[PDB]
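Text of the file my_file.txt, holding compact mmCIF, N, CA and C atoms:
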```txt
# COMPACT_ATOMS: atom_id res chain seq x y z
N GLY A 307 93.01 111.02 108.63
CA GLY A 307 92.22 112.21 108.88
C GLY A 307 91.11 112.39 107.87
N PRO A 308 90.28 113.42 108.07
CA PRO A 308 89.07 113.65 107.27
C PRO A 308 89.29 114.30 105.92
N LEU A 309 90.46 114.92 105.68
CA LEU A 309 90.67 115.70 104.47
C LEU A 309 91.44 114.90 103.44
N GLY A 310 90.81 114.66 102.30
CA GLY A 310 91.43 113.84 101.28
C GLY A 310 92.66 114.47 100.66
N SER A 311 92.71 115.80 100.69
CA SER A 311 93.83 116.52 100.12
C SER A 311 95.13 116.17 100.83
N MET A 312 95.02 115.69 102.06
CA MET A 312 96.20 115.37 102.85
C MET A 312 96.97 114.20 102.26
N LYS A 313 96.29 113.36 101.48
CA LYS A 313 96.91 112.21 100.84
C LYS A 313 97.88 112.63 99.73
N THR A 314 97.85 113.92 99.38
CA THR A 314 98.73 114.47 98.35
C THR A 314 99.89 115.16 99.03
N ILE A 315 101.10 114.72 98.71
CA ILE A 315 102.30 115.27 99.29
C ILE A 315 103.15 116.00 98.27
N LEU A 316 103.97 116.91 98.78
CA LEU A 316 104.85 117.73 97.96
C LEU A 316 106.26 117.17 97.98
N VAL A 317 106.79 116.96 96.78
CA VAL A 317 108.14 116.48 96.56
C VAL A 317 108.94 117.58 95.87
N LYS A 318 109.97 118.06 96.56
CA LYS A 318 110.79 119.15 96.04
C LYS A 318 112.16 118.63 95.62
N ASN A 319 112.63 119.14 94.48
CA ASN A 319 113.99 118.99 93.99
C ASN A 319 114.27 117.76 93.14
N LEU A 320 113.24 117.16 92.55
CA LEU A 320 113.48 116.10 91.58
C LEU A 320 114.26 116.68 90.41
N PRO A 321 115.13 115.88 89.80
CA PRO A 321 115.79 116.33 88.57
C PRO A 321 114.76 116.73 87.51
N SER A 322 115.10 117.71 86.68
CA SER A 322 114.17 118.24 85.68
C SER A 322 113.73 117.22 84.65
N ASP A 323 114.54 116.19 84.41
CA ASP A 323 114.22 115.20 83.38
C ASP A 323 113.48 113.98 83.94
N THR A 324 113.05 114.06 85.19
CA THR A 324 112.36 112.94 85.81
C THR A 324 111.01 112.71 85.12
N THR A 325 110.65 111.45 84.88
CA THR A 325 109.33 111.15 84.33
C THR A 325 108.32 110.85 85.43
N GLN A 326 107.05 110.95 85.09
CA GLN A 326 105.99 110.63 86.03
C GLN A 326 106.10 109.17 86.48
N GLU A 327 106.48 108.28 85.56
CA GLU A 327 106.59 106.86 85.90
C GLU A 327 107.69 106.64 86.94
N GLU A 328 108.79 107.37 86.82
CA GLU A 328 109.88 107.25 87.78
C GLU A 328 109.42 107.67 89.16
N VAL A 329 108.66 108.76 89.23
CA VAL A 329 108.08 109.19 90.49
C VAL A 329 107.16 108.10 91.03
N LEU A 330 106.30 107.55 90.18
CA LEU A 330 105.45 106.44 90.60
C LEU A 330 106.29 105.31 91.22
N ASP A 331 107.33 104.90 90.51
CA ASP A 331 108.13 103.77 90.98
C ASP A 331 108.78 104.07 92.34
N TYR A 332 109.37 105.25 92.48
CA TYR A 332 110.05 105.61 93.72
C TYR A 332 109.08 105.70 94.89
N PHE A 333 107.95 106.36 94.67
CA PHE A 333 107.02 106.59 95.77
C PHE A 333 106.13 105.40 96.08
N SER A 334 105.98 104.49 95.11
CA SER A 334 105.21 103.26 95.33
C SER A 334 105.91 102.27 96.26
N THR A 335 107.14 102.55 96.65
CA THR A 335 107.79 101.74 97.66
C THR A 335 107.02 101.78 98.97
N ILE A 336 106.30 102.87 99.20
CA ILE A 336 105.58 103.08 100.45
C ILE A 336 104.15 102.55 100.39
N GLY A 337 103.50 102.69 99.24
CA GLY A 337 102.13 102.23 99.10
C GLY A 337 101.55 102.67 97.78
N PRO A 338 100.30 102.26 97.51
CA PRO A 338 99.70 102.56 96.21
C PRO A 338 99.39 104.03 96.01
N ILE A 339 99.64 104.46 94.79
CA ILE A 339 99.51 105.84 94.38
C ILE A 339 98.44 105.95 93.32
N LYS A 340 97.58 106.95 93.48
CA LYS A 340 96.53 107.23 92.51
C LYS A 340 97.03 108.08 91.36
N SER A 341 97.82 109.11 91.67
CA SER A 341 98.27 110.00 90.62
C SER A 341 99.58 110.69 90.97
N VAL A 342 100.25 111.15 89.92
CA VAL A 342 101.50 111.86 90.02
C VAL A 342 101.39 113.11 89.15
N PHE A 343 101.71 114.26 89.72
CA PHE A 343 101.72 115.51 89.00
C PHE A 343 103.08 116.18 89.12
N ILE A 344 103.77 116.34 88.00
CA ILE A 344 105.02 117.10 87.97
C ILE A 344 104.68 118.50 87.52
N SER A 345 104.88 119.46 88.41
CA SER A 345 104.43 120.80 88.14
C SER A 345 105.35 121.46 87.12
N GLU A 346 104.84 122.50 86.47
CA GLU A 346 105.67 123.32 85.61
C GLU A 346 106.67 124.03 86.49
N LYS A 347 107.82 124.30 85.91
CA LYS A 347 108.89 124.92 86.66
C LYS A 347 108.58 126.37 86.99
N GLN A 348 108.71 126.73 88.27
CA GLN A 348 108.60 128.11 88.70
C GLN A 348 109.96 128.78 88.63
N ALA A 349 109.96 130.01 88.14
CA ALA A 349 111.17 130.80 88.06
C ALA A 349 111.85 130.86 89.43
N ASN A 350 113.15 130.58 89.43
CA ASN A 350 113.99 130.81 90.60
C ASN A 350 113.55 130.05 91.85
N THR A 351 113.04 128.84 91.62
CA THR A 351 112.38 128.01 92.63
C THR A 351 112.75 126.56 92.34
N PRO A 352 112.91 125.71 93.37
CA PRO A 352 113.17 124.30 93.08
C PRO A 352 112.00 123.65 92.35
N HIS A 353 112.30 122.60 91.60
CA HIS A 353 111.26 121.80 91.00
C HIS A 353 110.34 121.22 92.06
N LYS A 354 109.07 121.04 91.69
CA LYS A 354 108.05 120.52 92.59
C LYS A 354 107.17 119.50 91.88
N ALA A 355 106.82 118.46 92.62
CA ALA A 355 105.87 117.45 92.15
C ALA A 355 104.94 117.11 93.28
N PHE A 356 103.76 116.60 92.94
CA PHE A 356 102.76 116.22 93.92
C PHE A 356 102.35 114.78 93.67
N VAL A 357 102.42 113.98 94.73
CA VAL A 357 102.11 112.57 94.66
C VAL A 357 100.90 112.31 95.53
N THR A 358 99.88 111.72 94.93
CA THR A 358 98.64 111.46 95.64
C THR A 358 98.50 109.97 95.95
N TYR A 359 98.60 109.64 97.24
CA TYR A 359 98.46 108.28 97.72
C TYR A 359 97.01 107.88 97.85
N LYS A 360 96.76 106.59 97.79
CA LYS A 360 95.43 106.05 98.00
C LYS A 360 95.03 106.20 99.47
N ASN A 361 95.99 106.02 100.36
CA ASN A 361 95.74 105.96 101.80
C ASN A 361 96.56 107.01 102.55
N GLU A 362 95.92 107.75 103.46
CA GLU A 362 96.65 108.79 104.20
C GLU A 362 97.76 108.22 105.08
N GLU A 363 97.57 107.01 105.57
CA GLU A 363 98.59 106.36 106.38
C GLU A 363 99.90 106.26 105.61
N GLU A 364 99.80 106.01 104.32
CA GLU A 364 100.96 105.81 103.48
C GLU A 364 101.56 107.14 103.04
N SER A 365 100.74 108.17 102.85
CA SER A 365 101.30 109.47 102.52
C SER A 365 102.09 110.01 103.71
N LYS A 366 101.59 109.78 104.92
CA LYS A 366 102.33 110.18 106.12
C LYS A 366 103.66 109.44 106.21
N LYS A 367 103.61 108.13 106.03
CA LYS A 367 104.82 107.32 106.07
C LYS A 367 105.80 107.76 104.98
N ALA A 368 105.30 108.15 103.81
CA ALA A 368 106.19 108.56 102.73
C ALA A 368 106.99 109.80 103.12
N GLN A 369 106.36 110.71 103.85
CA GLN A 369 107.05 111.92 104.30
C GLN A 369 108.19 111.54 105.23
N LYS A 370 107.95 110.60 106.13
CA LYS A 370 108.98 110.18 107.06
C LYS A 370 110.10 109.40 106.39
N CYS A 371 109.72 108.51 105.48
CA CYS A 371 110.65 107.58 104.87
C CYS A 371 111.45 108.11 103.68
N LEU A 372 110.93 109.16 103.03
CA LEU A 372 111.53 109.64 101.78
C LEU A 372 112.06 111.08 101.82
N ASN A 373 111.76 111.81 102.89
CA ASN A 373 112.33 113.14 103.05
C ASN A 373 113.84 113.07 103.16
N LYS A 374 114.52 113.94 102.42
CA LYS A 374 115.98 114.00 102.37
C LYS A 374 116.62 112.69 101.92
N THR A 375 115.91 111.93 101.09
CA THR A 375 116.52 110.80 100.43
C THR A 375 117.11 111.22 99.10
N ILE A 376 117.92 110.33 98.53
CA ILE A 376 118.67 110.60 97.32
C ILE A 376 118.00 109.88 96.17
N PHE A 377 117.46 110.69 95.27
CA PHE A 377 116.74 110.23 94.08
C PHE A 377 117.72 110.41 92.94
N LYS A 378 118.28 109.30 92.47
CA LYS A 378 119.40 109.31 91.54
C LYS A 378 120.56 110.10 92.18
N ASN A 379 120.81 111.31 91.71
CA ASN A 379 121.87 112.14 92.27
C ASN A 379 121.38 113.43 92.92
N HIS A 380 120.07 113.55 93.14
CA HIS A 380 119.50 114.70 93.84
C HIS A 380 118.94 114.31 95.19
N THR A 381 119.26 115.08 96.22
CA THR A 381 118.51 115.01 97.46
C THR A 381 117.15 115.62 97.21
N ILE A 382 116.11 114.98 97.73
CA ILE A 382 114.76 115.49 97.61
C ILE A 382 114.15 115.72 98.98
N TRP A 383 113.20 116.64 99.03
CA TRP A 383 112.47 116.95 100.25
C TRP A 383 111.02 116.54 100.04
N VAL A 384 110.45 115.90 101.04
CA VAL A 384 109.10 115.38 100.95
C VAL A 384 108.32 115.80 102.18
N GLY A 385 107.18 116.43 101.97
CA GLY A 385 106.37 116.90 103.07
C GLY A 385 104.92 117.10 102.66
N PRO A 386 104.14 117.76 103.52
CA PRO A 386 102.71 117.94 103.24
C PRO A 386 102.49 118.73 101.99
N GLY A 387 101.38 118.45 101.31
CA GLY A 387 100.99 119.19 100.13
C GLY A 387 100.78 120.66 100.45
```
Could you spell out this file's structure in structure tokens?
Amino acid sequence: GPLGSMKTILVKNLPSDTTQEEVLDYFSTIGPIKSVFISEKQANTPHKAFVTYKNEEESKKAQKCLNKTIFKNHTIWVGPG
């Protein structure tokens, strides 16, 4: 699609001690990633991170392939930014 922001997806529920490199490694299974942002923790809210893919085709596939997968010992949710 035409909007570059779409290449950035939201990852919910990563463990609090997860590193940016670990996110890179896990999400790079789908395709190349430009950047990883682990957001500051919001009060009373699950952890959130944003992964920006090089290609929208791969960000879409990541949502399908990685939603409700098990990252170490946490289930994670993956969807649109």
I need the residues in chain A that are helix (DSSP H, G or I) according to DSSP; give them as number ranges by chain.
A: 310-313, 326-333, 362-372
Can you list, as a PyMOL selection string, every protein, DNA or RNA residue that comes within 7 Å of residue A:315 when you count only N, CA and C atoms, leaving out same-chain residues fewer than 5 positions away?
chain A and resi 355-359+365+384-387
Could you tell me which of A:308, A:368, A:353, A:344 comes closest to residue A:325 if we count all atoms listed in the file?
A:344
Name all residues at most 8 Å from residue A:380 (count only C-alpha atoms; drop same-chain ones fewer than 3 positions away) and give them as a list in words.
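In the requested format, the answer is residues 319, 320, 321, 376 and 377 of chain A.
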Return the single residue from A:340, A:381, A:314, A:309 that is closest to residue A:352, with distances computed using only C-alpha atoms.
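Ranking A:340, A:381, A:314, A:309 by distance to residue A:352, first place goes to A:381.
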Proximity to residue A:336 - best of A:350, A:367, A:316, A:324, all atoms listed in the file:
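Counting all atoms listed in the file, the residue closest to residue A:336 is A:367.
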Would you work out the distance separating atom CA of residue A:311 from atom CA of residue A:383, expressed in Å to one decimal?
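Here the two named atoms are 18.6 Å from each other.
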Given only C-alpha atoms as the basis, pick out the residue of A:369, A:361, A:379, A:334 nearest to residue A:317.
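Among the listed residues, the smallest separation from residue A:317 belongs to A:369.
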In Å to one decimal, how far is atom CA of residue A:337 from atom CA of residue A:363?
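Atom CA of residue A:337 lies 9.1 Å from atom CA of residue A:363.
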Check the DSSP output for the backbone and give back, as a list in words, the residues of chain A in strand (DSSP E or B).
residues 314, 315, 316, 317, 318, 339, 340, 341, 342, 343, 344, 354, 355, 356, 357, 358, 359, 375, 376, 377, 380, 381, 382, 383, 384, 385 and 386 of chain A
From the options A:382, A:354, A:343, A:318, which residue's atoms come nearest to residue A:330, counting only C-alpha atoms?
A:343
How many Å lie between atom N of residue A:338 and atom C of residue A:351, rounded to one decimal?
27.8 Å
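The protein and nucleic acid residues lying at most 7 Å from residue A:362 are residues 307, 312, 313, 366 and 367 of chain A, with all atoms listed in the file considered and sequence neighbours fewer than 4 positions away removed.
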